[PDB]
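Residues per chain are reported as follows:
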Amino acid sequence: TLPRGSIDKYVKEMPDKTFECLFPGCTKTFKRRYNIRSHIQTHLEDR
Ligand SMILES: [Zn+2]
């Protein structure tokens with residue numbers, strides 16, 4: 001009754017100011033920011 005352990009199961013935060021969405025099928029990398037996290041929402045939101 002509380003989903004909150006999948007958004008942090010596919011994120012590779014790099015100390016070089018980078019990000020690697022570890023989602024299976026995904027292939028987009030971002031930088032030090034909390035925007036890709038919301039991107040993981042559309043990941044398991046409907047697609
Ligand atoms: Zn992704």
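The following paragraphs examine the structure supplied in this document. (Residues numbered from 1 in each chain as written, not as in the entry; some residues may be left out. Heavy atoms only, no water.)

1. Side note on the overall build of the protein
Item 1. Within the protein, the secondary structure is distributed over 1 helix and 3 strands.
Item 2. Helices (α) and strands (β) of the protein occur, in sequence order from the N terminus, as β-β-β-α.
Item 3. Principal-axis analysis of the C-alpha atoms places the extent of the protein at approximately 35 × 20 × 15 Å.
Item 4. Classification of the 47 residues of the protein by burial places 19% in the buried group.
Item 5. With an accessible surface of roughly 4,300 Å², the protein has 49% of that area assigned to carbon and sulfur atoms.
Item 6. Measuring between centres, the 10 positive side-chain charges of the protein sit 4 Å from its 6 negative side-chain charges. (Helix = DSSP H or I, 4+ residues; strand = E, 2+ residues; numbered from the N terminus. Buried < 20%, exposed > 50% of the residue type's maximum accessible area, 1.4 Å probe, protein only. Areas by Shrake-Rupley, 256 points an atom, 1.4 Å probe, with all protein chains shown as cover. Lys, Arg positive; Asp, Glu negative; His and termini not counted. Charge placed at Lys NZ, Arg CZ, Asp CG, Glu CD.)

2. Some thoughts on helix α1 (residues 36-43)
Item 1. For α1, the set of buried residues is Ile36, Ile40 and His43. All buried residues of α1 fall inside an arc of 65 degrees around its axis, so they share one side.
Item 2. In this structure, the buried side of α1 is in contact with β2 (18-20) and β3 (29-30). (Arc of directions from axis to C-beta. Contact = heavy atoms within 4.5 Å.)

3. Regarding the sheet that holds strand β1 (residues 12-14)
Item 1. Judged by pairing direction, the sheet is antiparallel, and its 3 strands sit side by side in the order β1-β2-β3 without closing on themselves. A strand with exactly one partner marks an edge of an open sheet, and here the two such strands are β1 and β3.
Item 2. By the bridge criterion, 3 bridges tie β1 to β2 in an arrangement that is antiparallel. Following the sheet pairing, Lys12 is matched in β2 by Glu20. (Pairing = 2+ DSSP bridges.)

4. Thoughts on the environment of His39
Item 1. By the secondary structure assignment, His39 is in helix α1.
Item 2. For the pair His39 and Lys17, spaced 22 residues apart in sequence, the C-alpha separation works out to 17 Å.
Item 3. When residues no more than four places from it in sequence are discounted, the contact partners of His39 are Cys21, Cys26, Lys28 and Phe30.

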